[PDB]
């Protein structure tokens, strides 16, 4: 799959190459360690790419906004407040075939992140050992791919993304355990984004481009209007934003932030308010 590619603005589990069941974990306010995979937000990391530097920040997703930091001149690493230090940027360079990634410090590219036998991390000069290889696993792909899900607006705990009765228009509706409110989320390798298929009619969440900008269930198409970048909110892994591929500045949104049954769901310019936030759960 290309779903685990080192894309800007995606969120990952970072594992030692020798153990897919351990992940980089912010255990305290400052310390990181490899730990049993639990999927808490303190084990999830957003990549923020700096094009000028060709290097990334690696930000924990537990709400603290702390970033992986080499404690120069020492060999220790920590999570620290982002002060844009050169020691806080990392090159992420991938072996295409093995999928292993070296995490190389920007300030001193002689040094790479290393995991030790005792599960601690440090920086070190480069060897040929697997203790300097990491695997990256996109969190959302792991959790949601090929799953039957429901999507709740943050606006109200009992209003869900629903195909309207006897029309293709997609609206908010209270839960009634209906196939019109159940969505199969599937990653499309070609578009590198998701489709969401309504269980009732086997048609897909699609931006219908006119002055209304409604979403409707629509037949399978290669057109970008049917494809969605499902992401966590920038600093909240408990909520989702869905950006449409036709215009990735536009997102799944609730018309006028209304909560009434039948309220139109639309695609509108990103602002990131609660009307654009969605709670996705497996059925």
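Residue numbers count along the first chain shown, from 1.
Stretch comparison (188-196 versus 122-130) by mean CA B-factor in the PDB entry places 122-130 on top. Averaged over their C-alpha atoms, the temperature factors of 41-49 and 28-36 are higher for 28-36. Comparing the listed residues 206, 162, 84, 138, the entry records the largest Cα B-factor for 84.
You'll see in the entry that, of 153, 100, 88, 71, the Cα B factor peaks at 71. Looking at the C-alpha B-factors along this chain, the one for residue 149 belongs to the lowest third. When the CA B factors of the chain's modelled residues are split into thirds, the value for residue 96 lands in the middle one.
The PDB entry assigns residue 183 a C-alpha temperature factor belonging to the lowest third of its chain's modelled residues. Among all modelled residues in this chain, the alpha-carbon of residue 247 has a temperature factor (C-alpha) in the highest third. In the deposited entry, the Cα temperature factor of residue 231 places it in the lowest third of its chain's modelled residues.
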